[PDB]
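Below sits a lone chain in C-alpha cells, taken as the form deposited without this ligand.
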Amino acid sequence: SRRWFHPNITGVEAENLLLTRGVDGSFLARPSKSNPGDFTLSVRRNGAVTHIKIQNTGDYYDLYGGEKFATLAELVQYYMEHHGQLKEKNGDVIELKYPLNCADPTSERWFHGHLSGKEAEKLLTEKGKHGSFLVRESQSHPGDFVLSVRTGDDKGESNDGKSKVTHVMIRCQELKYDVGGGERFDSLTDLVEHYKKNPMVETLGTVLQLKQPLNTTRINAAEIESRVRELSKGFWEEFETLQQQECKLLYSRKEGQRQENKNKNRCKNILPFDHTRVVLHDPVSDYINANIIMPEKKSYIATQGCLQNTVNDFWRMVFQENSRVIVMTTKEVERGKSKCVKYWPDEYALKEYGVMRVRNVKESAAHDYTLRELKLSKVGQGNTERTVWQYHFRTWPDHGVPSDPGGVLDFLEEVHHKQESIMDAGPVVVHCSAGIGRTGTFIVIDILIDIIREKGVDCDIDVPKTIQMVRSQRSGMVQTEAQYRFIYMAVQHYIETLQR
C-alpha cells in the first residue's frame, strides 16, 4: 500500500533502482519533474525500464495509453487485477507485479525529521495522548533517529505524574535501522511497523504502544497566515503526507462496476463508494454516480457533470434528496472536450426530464457566475413544486486554479445564504466534470469556512485531516497540490476579509 510511491526521485534514480534492485514486473510511481502535477509509472520489463505517463489536470489521473482514475492507489489496484489491460503502443502487455518499495520516511504521518528533542517533548506533553508517538532526526548523534512515545492515562498538560514521554534511539547503520539490538530494518517505516505490531517493553514492564501519530496540521484559524508562511519556506511534505493516506481508502465500488451501470459513469473507473453512494428509490434503476458528503448539519452531494443518458437520473436524485441548491463548477465545454451536458432549460423554457419537470424561471448574470432559478415538480402531482437554485461558476480557468480566491469566496458566501434561507433544504448538490477535483476543492473550502463562520476566527482547523475525511466518502476528493494550496489561500483570504 503506497510503498511503491517514491516522491523525491529523479528519472535516472528511478531506472537505477529498477535495474539494480528490480526484476521484470517490478514497478514504482513518482511525481514528474517536467510537468508538475503529472506523474510517471516505471515498469522494468524485459531487462529494461519502460516509463508510462500519467497526467492530472485537476480532474483525474489520465494514464497515457490507458484509463482515467481517481487516485494512484486505485490506479495500481486496478492493473494488479485487470491484467493484460495495461499495454503500450503496439499491443504488448505491461505487467505490474512487484511493488518496488520506497524507504523515504518523510511522507509518514509520524515522521517529522529535523526537530529538537525539547520541541518534541513539548508537542507530546501538550497535544499528545497515550500511545502518541513521533520519529525525528537526532541532533545528538547525526544521521541517526529518535522515537518518542507518550504513555499514560489522560491527555494534555498533566502534573499528576501519571504520564511520561519515553525516547528510543534508532541507529541508521550501513543503511539499516535498528533500536539497539534485534532485527535490523530496511526502512524507518519497517521498524515502526514492526514495533506497532510488537510493542517494545521496558525492563520494568511499561509497554511502548504506538497508537497514533501526533497531529501537526491542525492550527488555530487566526494564525493561518503564519502557517502559510511556514509551509512556503512545507506545503509539499504536507500534501504528500496526506496523499499517502489514500491507501487506507480502497473501499468497494461494486454498484458502479455493474454492467447495467457502466454507461452511467463519466469515467468507467471513477466510481462512487458503495457505503456513501446516493441510492435512488421510488421497476427503476437505483444508480447515479453521486456520493453524500457529510462534514464530521449541512451536507453535500458530490456528483459528476450529467451525461445524455443520466440527466433524468440527476433530477430524480435532486427531487429525492430535497436538494434546493446546485453548484456547478465547470463550463459545459473546456479545452474543446464536453464536461457536462445542459440539464437545465433555456431561460423561461419548461422541460420534462422523465417524470421530472423543470422550468427556468429567471437567469441572473454576475461577474464570476450565473444564477438560475429553476422550479422542479413531479409530473402528475401539482403540489410537488419546489425552487432549485443553480449557481453556475463561469470563471474557473481551463488549467490550474484561480490566482485569487475572491470570486470563489463571494460565490460560496451567496450559496451559503441561499441554503440557509430555505428551511429543511436537503444536501447541497455540487458537481464539476468527473466530480472529484474541483468539486472536492469547493466542498472542502465550504466546510472549513462553515466552521470559521460559526466558531470564529479563533478556532481549530485542520486542512489535511478535513480533506482526508472527505476522501473517505468519495474517491479522490481534491485532486492536486495546486488545489490544496488554493484551499489554504482561500481560507487565509477568508480570515483576512473577516478581520477587516
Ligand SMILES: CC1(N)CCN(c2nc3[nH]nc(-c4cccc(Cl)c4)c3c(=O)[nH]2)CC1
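Numbering starts at 1 and follows the sequence shown.
Keep in mind the form deposited with this ligand bound is missing from the figure; the text below concerns it.
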Of 191-199, 306-314, 102-110, 416-424, the segment with heavy atoms within 4.5 Å of this ligand in the deposited complex is residues 102-110
Worksheet entry | 4.5 Å heavy atom contact, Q209 to this ligand in the deposited complex | no
How about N360 - does it come within 4.5 Å of this ligand in the deposited complex, if we only consider non-hydrogen atoms? no
>> Taking this ligand as it sits in the deposited complex, is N261 in contact with it (heavy atom to heavy atom, 4.5 Å or less)?
In response: no
4.5 angstroms heavy atom contact with this ligand in the deposited complex for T50: no
Heavy atom within 4.5 Å of this ligand in the deposited complex, from candidates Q245, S138, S377, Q390, belongs to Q245
From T166, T370, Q320, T216: within 4.5 Å of this ligand in the deposited complex by heavy atoms is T216
When this ligand is considered in the deposited complex, the residues of 230-253 having a heavy atom within 4.5 Å of it are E237, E238, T241, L242, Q245
